[PDB]
Amino acid sequence: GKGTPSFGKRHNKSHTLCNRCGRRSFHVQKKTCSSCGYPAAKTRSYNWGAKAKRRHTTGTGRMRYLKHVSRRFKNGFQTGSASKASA
Amino acid sequence: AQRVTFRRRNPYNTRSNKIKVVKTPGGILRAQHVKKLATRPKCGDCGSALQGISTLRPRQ
Amino acid sequence: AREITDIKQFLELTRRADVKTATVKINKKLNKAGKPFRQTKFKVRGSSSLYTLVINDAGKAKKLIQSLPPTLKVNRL
Amino acid sequence: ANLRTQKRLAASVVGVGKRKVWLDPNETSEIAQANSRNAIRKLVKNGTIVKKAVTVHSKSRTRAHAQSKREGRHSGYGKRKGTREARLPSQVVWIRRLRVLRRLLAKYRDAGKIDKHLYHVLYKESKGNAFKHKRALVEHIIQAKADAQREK
Amino acid sequence: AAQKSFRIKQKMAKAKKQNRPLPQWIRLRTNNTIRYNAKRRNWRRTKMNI
RNA sequence: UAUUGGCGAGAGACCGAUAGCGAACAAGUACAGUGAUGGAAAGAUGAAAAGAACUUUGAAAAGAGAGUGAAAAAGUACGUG
RNA sequence: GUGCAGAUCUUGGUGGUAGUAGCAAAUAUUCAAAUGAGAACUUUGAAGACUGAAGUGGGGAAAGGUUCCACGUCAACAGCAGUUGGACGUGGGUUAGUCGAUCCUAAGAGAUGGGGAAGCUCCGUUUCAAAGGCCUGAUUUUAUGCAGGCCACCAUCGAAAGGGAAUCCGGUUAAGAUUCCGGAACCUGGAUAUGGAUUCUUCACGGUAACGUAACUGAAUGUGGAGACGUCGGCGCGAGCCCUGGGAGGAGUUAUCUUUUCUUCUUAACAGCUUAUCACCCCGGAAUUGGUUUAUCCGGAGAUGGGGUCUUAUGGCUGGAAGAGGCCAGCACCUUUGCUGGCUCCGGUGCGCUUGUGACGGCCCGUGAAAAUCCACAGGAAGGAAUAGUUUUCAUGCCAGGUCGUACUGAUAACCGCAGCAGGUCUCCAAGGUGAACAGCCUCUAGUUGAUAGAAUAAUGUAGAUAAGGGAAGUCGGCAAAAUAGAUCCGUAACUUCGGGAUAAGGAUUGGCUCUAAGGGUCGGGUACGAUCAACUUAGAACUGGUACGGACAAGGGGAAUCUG
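Quick notes on the rules
- Residues numbered from 1 in each chain as written, not as in the entry; some residues may be left out.
- Chains lettered and ligands numbered in written order.
- Part of a larger assembly, values for the part shown.
- Heavy atoms only, no water.
- Helix = DSSP H or I, 4+ residues; strand = E, 2+ residues; numbered from the N terminus.
- Rg over C-alpha atoms; globule rule 2.2 N^0.38 Å.
- Buried < 20%, exposed > 50% of the residue type's maximum accessible area, 1.4 Å probe, protein only.
- Contact = heavy atoms within 4.5 Å.
- Areas by Shrake-Rupley, 256 points an atom, 1.4 Å probe, with all protein chains shown as cover.
- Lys, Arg positive; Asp, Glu negative; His and termini not counted.
- Charge placed at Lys NZ, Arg CZ, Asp CG, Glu CD.
- Near = heavy atom within 4 Å.
- Polar contact = N/O pair within 3.5 Å; in protein donor to acceptor, adjacent residues only side chain to side chain.
- Nonpolar A, V, L, I, M, F, W, Y, C, P; charged D, E, K, R; others polar.
- Patch = residues over 30% accessible without salt bridge, like charges linked within 9 Å, V, L, I, M, F, W, Y side chains within 5 Å.
- Salt bridge = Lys/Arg side-chain N within 4 Å of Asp/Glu carboxyl O.
- UniProt positions renumbered as here; feature names shortened; annotations may be inferred.
- Buried area = accessible area lost by both parts, 1.4 Å probe.
- Axes fitted to C-alpha atoms, helices over the stretch in contact; angles between N-to-C directions.
- Left-handed = near helix turned anticlockwise from the far one by under 90°.

Peer 1: Can you walk me through the overall build of chain D in this structure?
Peer 2: Looking only at helices and strands, one finds eight helices and two strands in chain D. Listing the helices and strands of chain D from first to last along the sequence gives α-β-α-α-β-α-α-α-α-α. For 152 residues, the compact-globule formula gives about 15 Å, and the C-alpha radius of gyration of chain D, at 34 Å, lies well above that figure. Each of the three principal axes of chain D carries a C-alpha extent, and together these read 100 × 40 × 20 Å. Counting the 152 residues in chain D, one finds 20% classified as buried. Once local pairs closer than 6 in sequence are excluded, the contacts in chain D between residues at least 24 apart make up 61%. Accessible surface, chain D: about 12200 Å² in total, of which carbon and sulfur atoms supply 50%. Side chains of chain D carry 40 positive and 11 negative charges; the gap between the two charge centres is 9 Å.

Peer 1: Please clarify how the protein's contact with RNA strand G should be interpreted in this entry.
Peer 2: Near RNA strand G, the surroundings consist of 159 residues, among which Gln51(B), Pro58(B), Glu3(C), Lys81(D) and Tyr123(D) are the closest. Here RNA strand G approaches the protein such that, of its atoms within 4 Å, sugar and phosphate make up 76%. In this structure, a phosphate oxygen belonging to RNA strand G sits 3.1 Å away from a side-chain N or O atom of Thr14(B). In this structure, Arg73(D) approaches RNA strand G through a side-chain N or O atom, which is 2.6 Å from a phosphate oxygen. With 11 residues, helix α6 (residues 90–111) of chain D is the single largest residue contributor to the surface near RNA strand G. When its residues are assigned to classes, the surface near RNA strand G shows 46 nonpolar, 46 polar and 67 charged.

Peer 1: Mind showing me how you'd approach a positive patch on the surface here?
Peer 2: Residue and element names in this part refer to chain D. Taken together, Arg 99, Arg 103, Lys 107, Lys 113, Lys 134 and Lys 145 make up a surface patch of like positive charges. At the level of elements, α6 and α8 (134–150) are the ones that each hand at least two residues to the positive patch. Top element by residues in the positive patch is α6. It accounts for three residues. Mapped onto the elements of the fold, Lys 145 is located in helix α8. A relative accessible area of 35% places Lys 145 in the partly exposed class.

Peer 1: I tried to follow the protein's contact with RNA strand F on my own but got confused; where do I start?
Peer 2: Within the structure, RNA strand F sits among 20 residues, and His15(A), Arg44(A), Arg54(A), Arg55(A) and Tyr36(E) are positioned closest to it. Note that a phosphate oxygen of RNA strand F is positioned 3.5 Å from one of the side-chain N or O atoms of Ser35(A). Here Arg35(E) contributes a side-chain N or O atom positioned 3.5 Å from a sugar or linking oxygen of RNA strand F. For the surface near RNA strand F, the leading source of residues is helix α1 (residues 50–56) of chain A, giving four residues. Of the residues that constitute the surface near RNA strand F, the class distribution is four nonpolar, seven polar and nine charged.

Peer 1: What's the story with the UniProt feature "binding site: Zn(2+)" in chain A in this structure? I'm lost.
Peer 2: All names here are of chain A. Residues given the UniProt feature "binding site: Zn(2+)" here are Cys 18, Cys 21, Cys 33 and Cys 36. Despite a sequence span of 19 residues, these residues sit close together in the fold, their greatest C-alpha distance being 9.0 Å. As for its placement among the helices and strands, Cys 21 is situated in the loop between β1 (15–16) and β2 (26–27). By relative accessible area, which is 32% here, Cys 21 ends up partly exposed. In contact with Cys 21, not counting residues within four places along its chain, are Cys 33 and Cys 36. Examined against the element boundaries, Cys 33 turns out to sit in strand β3 (residues 32–33). In contact with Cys 33, not counting residues within four places along its chain, are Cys 18, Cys 21, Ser 25, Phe 26, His 27, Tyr 38 and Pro 39.

Peer 1: Just checking my understanding: could you explain the interface of chain E and chain A for this structure?
Peer 2: Much of the literature gives interface size as the accessible area that the parts lose upon coming together. Contact with chain E, which involves five residues of that partner, is made by five residues of chain A. Of all residues in chain E, the largest losses of buried area upon contact with chain A belong to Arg7(E), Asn49(E) and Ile50(E), amounting jointly to 81% of the total for that side. Counting across the chain E and chain A interface gives zero salt bridges. At the boundary of chain E and chain A, one finds zero residue pairs in polar contact. Residue composition of the side of chain E that touches chain A, by class: two nonpolar, one polar and two charged.

Peer 1: Quick question: what am I supposed to make of the packing of α6(D) against α8(D) here?
Peer 2: For any two helices packed against each other, one specifies the crossing angle of their axes together with the interaxial distance. Residue and element names in this part refer to chain D. Direction vectors running N to C along α6 and α8 enclose 35°, while the axes themselves pass 10 Å from each other. Handedness of the crossing formed by α6 with α8: right-handed. Facing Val 100, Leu 101, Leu 104, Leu 105 and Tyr 108 of α6, the residues of α8 in contact are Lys 134, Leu 137, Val 138 and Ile 141. Across the contact of α6 with α8, the residue classes break down as eight nonpolar, no polar and one charged.

Next comes the structure, spelled out in C-alpha cells:
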C-alpha cells in the first residue's frame, strides 16, 4: 500500500513559486527557497554544485546593464554628444 | 424530491455553512444560507439572560 | 416593501420630491364569501422604499387618483 | 447531421432532462439550424421539439395493499422481520399511555369531577402501574369517588 | 485552483498564448531552419508544474 | 609574479556531428523529480525553389503522365546511402 | 586519441519468436432513417436494459489549466473502427459594496533591542530598551508650533472548513451569473437638510413592578455582555420532503373493469403587526403536602392559583406579489414570431425521513480555543434654552463602496499513479414499495446504454451450481463447500469476578382470506354519558391450499475441553 494506492494522496504542494527566481522551489512551511532562497540576500550556490552555478550565473540572463559596460569603458566613460561632421 | 446544492464555495457542513431549504416563487427548492443564532445578553452578576434586550449578532 | 395604511399619509408621500413615479395595480378578488370585487393597489416608489396603499372600496379608489399630483408618472396596471 | 447540442439546449429550454425531449426525425434539417436558444424556443412552439411526458410510477398496488393493512391483513408472524421493540418501541407505548392518564387526570381535576387530593394520589399510581389504559383509570375513579361518598 | 491567486492566473495566461503552432510564414523565411514548434504543450501530456 | 573568470585579439602536427564543451541547431533547451538536482536527441536538396503548371484515376493521401533541373539514382521522408 | 568478435561492453538500428500471447471484471444490446466515399461504434427516432437517490444524479474543496463552448476537420491519438472526441486548426467565453480572499487570532512562524558564533547565522518574541500616538485645546500672522489630561498595549505573518458588516426573486447565454438584466432590499464610510422629539422644572414621559416606546445629550476612566464553543440519549416545536381528501386543468388506459393512473395548483430576501418554552413581576400565603416531566424535581429563600412583563428561534397575516413562475384553451403565420383569455383553490395526518432548535438528562482524574469586532452600564468631565436653543443611537433625503478569484472536471477519460490504469482521493443534497433498516431486491426524477466485435460450443481453465448410497474413510489439519440463520412463544447447563455465560444448548409457530377484541383526539355539563374524528399495534377465531408460508432477498452452526494473552 506504499506504491500506486498511496500515490493518490499527493495533492498538497510543498513548494510554490519563488519571487526571486520563479523556480517553484519556495518551501511553503519553511518560508524559504531551496534553489536560491527568499531569506538571506546571499544567493544559494555551492562549489560542489558546479553545474548549478552554470545555470544561474551572470551572462545566462539578459544583462540589461552589463551589456553596455564593456563598451562604455572602451570609450573611457564619455559625457555629452557627438557634435557634427560632413556628408 | 428535489435535491439541492450549496450556494457558496464552502462545501463542508461547518458552523458558518448552515442551510434551510425554502421554496422560491419559481416553484423550485433552493437552499438559503442561515447565519448563526444570536445569544441573549447575560447579566453581569447572576449570568441569566436579562429581559427587554433584543438578541442580535454583536455588530447588529 | 412597506404598507402605508393612512390614506392622508399616503398623499403627503407623493409630494416628497423624490417620488417621481407611481403605479396603480388592479386585482380581481372576492369579498370573503361570494361575489368578486375590485381591489386596487397604489404603489409609490420612494428613493429607498416602495410604499403600498391597498384600497378595497372601488368608489374611494376613484376619489384618490384625482387626488394624485399631476406630475407623478402614474403607470396604470 | 449532429443534433447533440440541440438535444442539450432543448433540455435546458424546456426544463426537463435530455431523456425527455423528442426531436422530430423528419425535420432534422430545421433542427440542425437551431443554433440558439431563441431558435430552440421557436421549435418548441411549432411542435418540432416536445416535452415527452413523465414515465408513470403508479402507487395503486401500494394503495390497494395499504388498504388491506388497514383492514388487518399481512401482519401475521411470518410477515414480521423486526423485533417488537423495533416495530414499535415500548417507551413510545408508555409515552402514549402515560400522556393519556395525565391528561384525563388533569381534565377531571379542573372540571371538578375529582379534587386535588384524589388527583395527586392518582398522579403517582398512574406513573407507577395498575392503570393499564384509560378504561382502568376511569373505573378506579368511579369506585373511589363512590367509596369516599359511601365513607361519607 | 478554481479559486486562484493572480500570480497563478498570470502564468496560465502566458502559457495559453504559447499553445499555438508556428506562424506558417516563418517557414518561408531566408535560411529558416525552424520546421515546427518544438515547445508545444498539451494539458494531458505534460503538466506545467505550476 | 599568478590567472580554467571577464573583455578584445592571434594561433595549432587538436576534434570533425556516437568525436570535440553537456550544447556546431529556438541547449542548460525539451523532459524528469516535492525539492536539492538530473539533463538529452537533433548539422548537409539544389548554383538557384527553378519546391512539380496542366491532364487523367481516386472520397482523399496519393498513383500514372507531363514538367523543372546537369542529375529526381537530388522531391522539403531531401548529399553519398 | 593507430587495427575488435567477445568485456551480463557503450550508443543507435534490426530479426526469430510472431500475425503469436492476447485485446474475456463493472448484467446488453437491437431496428430503421439521416450523414458520408465508407457506419457494429456519429446523430435522430423506436425498443430493450442499467445506475436505483451512501446514484452511473445535481454541486463543490485540493489538484489540473482552457479540457468549457461554437465552427471547420480526420495525418497522428481514442491498444477494433470512426463522418465522433477531453484529439487537430481557428476563435469565443469567467462582469460582485453583499460570494470568498482582504481583517482577526489558533497551534506555530518570525524581525527589532540585545546576547552568542571565526562565520554561514543562532537564541529569543517582551525580552537587563530612552520602544509608540489618542482626543482636544492654543492659532483668528498661519500653519499647525505649542498647552492641560489620559492611555502603555511594545512588530509582523499564520484558517478560501474557525471568528466575521451587508442580496434576494424572476428572466437571459453556444458557453457567465447570489456577478448581467428587471424589480425589490440591506450594510459600511461620509457629509448633510427638513420634519418629529426635548426644553420656561433645561438634558422625555408612562407602569406598583417585570418593563414600554419613534426619539429622549454624556468625554476620560472602569466594569460587563456578545463573538465564545464538548459528546450522547430521549422528549417538545418548526422547516422541507413523503403520504392522503375535495375541486379546477392536461395526459394515459378503456375486449371487460376502474367517480381510475400520472401530473400543475408555487411565494424569496427584506419590512409592519401579531406569535413561546424558559425567565421575571404583582396579589395571595400552602400539611390533609401541592404542582409537574417520557425521564423526580420544585415550593415560606414564597408553590398551586388569578393577573401580567420579556426574548421573537419560530409560525400566522399583510406589503414584496402576481404584474413573476406554473398549467391550459382559442386564434393567427415563408416572418422577428405573436395576440387574447382563464385557472393558479381549500384542507387532513404522523413513534414517518432529513434538518434546525428549545427545555433537559447522562458522562469525565477528559469540563470540551483565542482574538478582531460590537453594544451596554457606571461615572459626570463638558456643552447647554425663554423672545429661544438643544439634540442626528427617531423618520425621510444625498454621495460612494477599490483590488484579486469567478469558465469547466472533480474522476472506471479532465487530479496522482510512465496511460483515457478495476488502485487512491475531503464533503453537501437525498423519492416510492418490501422490510427494523441509509441492508439486499425492484421502480420515479436525473444520467448513461461506455468497456474490440462476428461464428461455433473441443480439451483444460476462471466464476457459479447440483448430485444417488455412505458421511471426513480425504487431508498436516473438515482447507473449501454444505448445514444454521429473521421474528414470536417456550426452555436454558457447568462455571462465575454475580455483572455474565446466553441468540447457551434444545423445541414449536410463521401464507392468503374473512372476522373478533383491546389500545385514542376534540367538543357542550348550574354553583351519569353522547356526538364526532383519526391512527397502526397486539392477541384470538373460522375458512382455505399438492403441509405451503422469514416461500426471492436477507440471514448464528453448535457443544466438551487443553495451552496462551
